[PDB]
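Colleague: take a look and give me a structure for this.
(2 chains)
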Amino acid sequence: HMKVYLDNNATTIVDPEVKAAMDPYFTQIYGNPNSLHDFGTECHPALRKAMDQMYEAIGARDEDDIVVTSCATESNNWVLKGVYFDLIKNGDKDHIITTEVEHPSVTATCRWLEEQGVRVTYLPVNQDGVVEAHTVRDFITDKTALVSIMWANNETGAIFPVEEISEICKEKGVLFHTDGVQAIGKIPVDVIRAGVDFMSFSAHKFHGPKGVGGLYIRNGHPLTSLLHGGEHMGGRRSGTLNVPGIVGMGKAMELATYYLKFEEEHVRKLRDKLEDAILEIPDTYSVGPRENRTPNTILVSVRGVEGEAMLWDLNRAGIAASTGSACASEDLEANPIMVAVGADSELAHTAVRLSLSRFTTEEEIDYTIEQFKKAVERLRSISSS
Amino acid sequence: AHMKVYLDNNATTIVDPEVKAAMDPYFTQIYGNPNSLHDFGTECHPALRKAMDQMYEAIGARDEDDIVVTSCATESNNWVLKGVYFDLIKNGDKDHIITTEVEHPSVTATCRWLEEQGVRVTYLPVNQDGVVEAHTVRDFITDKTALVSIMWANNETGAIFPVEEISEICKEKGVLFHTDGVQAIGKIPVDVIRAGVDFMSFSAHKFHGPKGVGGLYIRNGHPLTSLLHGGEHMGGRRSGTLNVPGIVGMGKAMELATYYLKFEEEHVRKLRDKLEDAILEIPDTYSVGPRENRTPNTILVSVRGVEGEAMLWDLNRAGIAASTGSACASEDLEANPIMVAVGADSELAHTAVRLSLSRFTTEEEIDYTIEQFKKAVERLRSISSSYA
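Modeller: Numbering: from 1, shown residues only, chains lettered A, B, ... in the order given. The structure is reproduced below:
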């Protein structure tokens, strides 16, 4: 029996060196950075180094702004509700474009905004689990305020063509926000090559602590504060700084870009080994093309078995994984495949999501393969066909 | 001379080594998402349950009430103000909020933005004793008042507001009552039912908890439109992955704060009174606010000849951390010169030195601060051409 964590898309372990970087800023270094005395300013070089690491990690420039939030949920709420306030309730706009596969912090916010008179089109997702740039350009009107498309999906790992969406969005002169939580540490992130106006991210996705996130803004574009008050974060988000959170997030983001620049094959090779091994089981289908998928993600549908049952038989074996919505369909060759769908569909079935990280060992993978085979055989023997 | 001494506790506090020890496992040892169904995710569930229990017991909340964990009391204040505006003003029949001129910027600036959306706001001035009394709030409530938001205790003077009577008046008039209780936890007894409040904001890093975590208490699970929408974290009232270390730390810190409350009432109050008496032995010095209505750990002293910012800077050169506080010159009923609390945006305001202790303050630190304070006053009065 071995405990194995493959739910990294939900949360990640804090790198011990990141935790060590955070350690002094609880009891040793505790002053408020907004104070003028030496106790308050003692953490200022650490905050500056952290902010520099974040700017460097995402390819932001000096002109741009990076506001530290409590989580990417805050960031999504902030950009959606602030653009609604700026260009819809006090502007001449009334439309937002997004996808039916976004994180709940975007979907539920969009539904509340629709409860405030905003027209929102949740764009359906194509066979590859992606939304393409021509659909969105066909859906931009003269009243569209904002296009909000996640950078990569958390259930399938599919990468969205955020750059092409940016080109079109700039053509129509509409702001572009992306939920980039799944991008940091897994794919190259250059927010000027992506052309996005706003980007949300979360530290606990790339081995930073929980309780700290960020929102990126291009060229300090105006965005009404979600949290008003004091002049923390350039007067854009009030409240005492989560000093350990900031220090840790910066260290984690630097480490994420280092391990993507060199440790890129270790995670990708283990993901592909696991996926090949699982796909050698009869009547298994992996959702989404691997060549457009983050290196750490598999979303597998097992026929005969149900995703929750597969999840709990894995959990009994010490393996943590999660669920993902999928729909039954075919390709152009008329071969049955499993494809992405919004969770709120009736044609969705639960597939098993397995997400690795840079801390996954090959032994963990051998154990996971063996236990996956075991669970599949035991459970197909007890149900349906 | 130089000794580092921290007397700016009303701004932020050191994390109790026990709170840090309670937090340590929940970064790398226990890291699963509490919203997951596998054992990795649920492993932290008992710590969250225990922390939530610690909070409810610490503030005297009941089982019906809700305690939603926020990122900071700034979040809580923004949430309560903007949510009541959404519920009872934009989609209701109210348009008035009553508050004070001495609120934290989290509430003042929010109120000004609400005024920018058509909300009538009355910033009630604060009296000589540095407090707003219940009868004036009653005089200002109409049948359009949606919410009364008055801080529990002031962060510059430490003056305690009569939140119980204000609640009584609010309940007679049937208007919701929110308090910024950040300054109350660890310094005064906090029972949110005896205070009669409908909403209360608090922040962990004020009572020796970590930065990045706060809370909002809600009576009886009163409806309040979410500031952060999404998943159903915190009963669907505040989305976003739980700050597990922050929650555990906040629970431990709140338990410690209520335990140490009598240490703070006795010993810390004794050290505060020593420092304040010693400082008041200097000619032309005035303590803002009556002590018999003040949190045990706070002094706001106005010096006549010296300027507050200069006094802060050379005190810091001596290793002493303190802060500023707004004050206005006045007289008492006997026509004796006194310094009284005033909003920061007044032009009749000058800077007084704020000194705030904690349960970690030593009598050596107090003695050193007394000596260095006297030195700085003498030094800066010795350079004045005006002072006499």
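Colleague: what about whatever residue of the stretch 251-385 of chain A ends up closest to chain B, how many residues nearby?
Modeller: Per CB to the nearest CB, residue A:320 is where the stretch 251-385 of chain A lies closest to chain B, at 3.8 Å. All C-beta atoms are positioned from the backbone trio N, CA, C, and that covers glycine. Other residues near residue A:320 number 24, with proximity taken as other CB atoms under 10 Å in any protein chain shown.
Colleague: who is it paired with across the strands?
Modeller: residue A:5 (DSSP bridges).
Colleague: which ones are touching the nearest residue in space to residue A:274 that is not next to it in sequence?
Modeller: Spatial nearest neighbour of residue A:274, chain neighbours left out: residue A:365 (5.1 Å); criterion: CB to CB, 6 or more residues apart in numbering or on different chains. Counting by CB atoms under 8 Å, 6 or more residues apart in numbering or on different chains, residue A:365 touches A:270, A:273, A:274, A:277.
Colleague: can you tell me the SS state at residue A:365?
Modeller: Assigned by DSSP: H, G, I helix; E, B strand; the rest coil, the conformation of residue A:365 is helix.
Colleague: hey, where'd the strands end up in chain A?
Modeller: Taking DSSP state E to define them, one finds strands in chain A at A:4-5, A:65-69, A:95-99, A:119-123, A:144-148, A:175-179, A:198-202, A:213-217, A:284-286, A:297-302, A:319-320, A:322-330, A:336-340, A:349-355.
Colleague: residue A:75 versus residue A:206, what's the distance?
Modeller: 15 Å (CB to CB, to the nearest Å).
Colleague: list only buried entries from the contacts of residue A:365.
Modeller: Buried subset of those (neighbour count, 16 or more other CB atoms under 10 Å in any protein chain shown): A:270, A:274, A:277.
Colleague: from those, which single one is nearest residue A:351?
Modeller: Taking CB to CB as the measure, residue A:351 lies nearest residue A:274 of the buried ones among the contacts of residue A:365, at 14.7 Å.
Colleague: burial count for the nearest residue to residue A:221 once chain neighbours are set aside?
Modeller: Taking CB to CB, 6+ apart, and ignoring the residues beside it in sequence, residue A:221 has residue A:197 as its nearest neighbour in space, at 5.8 Å. A count of nearby residues for residue A:197, using other CB under 10 Å, gives 25.
Colleague: so residue A:197 touches residue A:218, yeah?
Modeller: Yes - between residue A:197 and residue A:218 there is a contact at 4.9 Å, judged by CB atoms under 8 Å.
Colleague: do you know how far the closest residue to residue A:257 other than its chain neighbours is from residue A:360?
Modeller: Once flanking residues are discounted, residue A:257 sits nearest to residue A:57: 4.9 Å by CB to CB, 6+ apart. Residue A:57 sits 22 Å away from residue A:360, going by CB to CB.
Colleague: out of the two, which sits in the busier spot?
Modeller: Neighbours around residue A:57 and residue A:360, counted as other CB under 10 Å, are more numerous at residue A:57. The numbers are 24 against 21.
Colleague: now do the contacts for that one.
Modeller: Residues in contact with residue A:57, defined by CB under 8 Å, 6+ apart, are A:184, A:189, A:253, A:254, A:256, A:257.
Colleague: save these as CSV, and put in neighbour count too.
Modeller: Output for these, formatted as CSV (neighbours: other CB atoms under 10 Å in any protein chain shown):
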residue, neighbour count
A:184, 26
A:189, 23
A:253, 27
A:254, 20
A:256, 24
A:257, 20
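Colleague: from the residues you listed, which ones fall inside helices?
Modeller: Among the contacts of residue A:57, the members falling in helices are A:253, A:254, A:256, A:257 (criterion: DSSP state H).
Colleague: which of those residues sits closest to residue A:79?
Modeller: Nearest to residue A:79 out of these is residue A:253 (CB to CB; 19.7 Å).
Colleague: quick check: closest non-adjacent residue to the closest one.
Modeller: Counting by CB to CB, 6+ apart, residue A:253 lies nearest to residue A:57, which is 3.9 Å off, once chain neighbours are set aside.
Colleague: one more: residue A:135?
Modeller: Distances taken as CB to CB, 6+ apart place residue A:123 nearest to residue A:135, at 5.9 Å, with adjacent residues excluded.
Colleague: just to revisit the earlier point, need the max-distance pair from the contacts of residue A:57.
Modeller: Pairwise distances across those (CB to CB) peak at 12.5 Å, for the pair A:189 and A:254.
Colleague: how is chain A partitioned into domains?
Modeller: Following curated CATH domains, one finds the domains of chain A at A:2-14+A:260-375, A:15-259.
Colleague: most packed of the ones you listed?
Modeller: domain A:15-259 (a mean of 21; mean count of other CB atoms under 10 Å in any protein chain shown).
Colleague: quick one: end-to-end length of that one, please.
Modeller: One end of domain A:15-259 sits 12 Å from the other (CA to CA, to the nearest Å).
Colleague: starting at the chain centroid, how far to that domain?
Modeller: 10 Å (CA atoms, centre = their mean, to the nearest Å).
Colleague: residue contacts, residue A:30?
Modeller: Residue A:30 makes contacts with A:39, B:12, B:13, B:14, B:15, as judged by CB under 8 Å, 6+ apart.
Colleague: I meant residue A:70, not that one.
Modeller: Shown in contact with residue A:70 (CB under 8 Å, 6+ apart): A:211, A:212, A:213, A:242, B:71, B:72, B:75, B:212, B:240, B:243.
Colleague: what residues are up against the nearest residue to the second one once chain neighbours are set aside?
Modeller: Computed as CB to CB, 6+ apart, the closest residue to residue A:212 that is not its neighbour in sequence is residue A:245, at 3.1 Å. Taking CB under 8 Å, 6+ apart as the criterion, residue A:245 is in contact with A:22, A:68, A:203, A:208, A:209, A:211, A:212, B:211, B:212.
Colleague: which positions in the stretch 51-200 of chain A make contact with chain B?
Modeller: Selection of the stretch 51-200 of chain A residues close to chain B by CB under 8 Å from any CB of the partner chain yields A:69-74, A:76-77, A:103-109, A:112.
Colleague: what are the ranges of the helices in chain A?
Modeller: Ranges of helices in chain A, per DSSP H, are A:16-22, A:24-27, A:38-41, A:44-58, A:72-83, A:104-114, A:133-139, A:162-172, A:243-261, A:264-279, A:307-316, A:362-380.
Colleague: what does the first one rub up against?
Modeller: This points to helix A:16-22. A:207, A:208, A:209, A:244, A:245, A:247, A:248, A:251, A:252, A:255, B:27, B:28.
Colleague: in space, what's closest to residue A:204 - neighbours in sequence excluded?
Modeller: Spatial nearest neighbour of residue A:204, excluding adjacent residues (CB to CB, 6+ apart): residue A:210 at 4.4 Å.
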